[PDB]
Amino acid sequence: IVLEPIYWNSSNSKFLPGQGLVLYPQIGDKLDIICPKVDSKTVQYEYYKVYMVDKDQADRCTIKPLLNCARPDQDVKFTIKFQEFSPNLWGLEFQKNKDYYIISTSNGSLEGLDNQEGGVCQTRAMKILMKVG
């Protein structure tokens, strides 16, 4: 079950006031998170470092990264497989009936790409919450 790609740019209105983006993926699921190219019909690339964080680090908006979106001329992507066990030493691993979070504390500009605190996250509600299972 391939869920709908999530485009990580501020034109994305699925990031709702306060709540952000809320998804409910089942185990076995796959989800692409895409940082989109500045193409021939769009002015103003949005610089983000996107991270998987724990509830408390998502609440609220600090880090200590799945996408490094600092490439205007290239569609950059992460695809999560929501699986309980990965044979990758650094693989992402997920529990039925548990919540995971993804934020960015970068403020959209090159200068703040690497801002370890703020965002996106706490300014524009730029985050996902995955209620798995």
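Residue numbers run from 1 along the displayed sequence.
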From residue 43 on to residue 44, does the model leave out none, 1 to 3, 4 to 9, or 10 or more residues of the deposited sequence? 1 to 3
Going by the record, give me the number of deposited-sequence residues missing between residue 64 and residue 65 as none, 1 to 3, 4 to 9, or 10 or more. 4 to 9
For the C-alpha atoms alone, is the average B factor greater in 82 to 90 or in 33 to 41, going by the entry? 33 to 41
Comparing 50 to 58 with 97 to 105, where is the mean C-alpha B-factor higher? 50 to 58
Which third of the chain does residue 16 land in by C-alpha B-factor: lowest, middle or highest? lowest
Taking only the Cα B-factors deposited for this chain, tell me whether residue 126 sits in the lowest, middle or highest third. middle
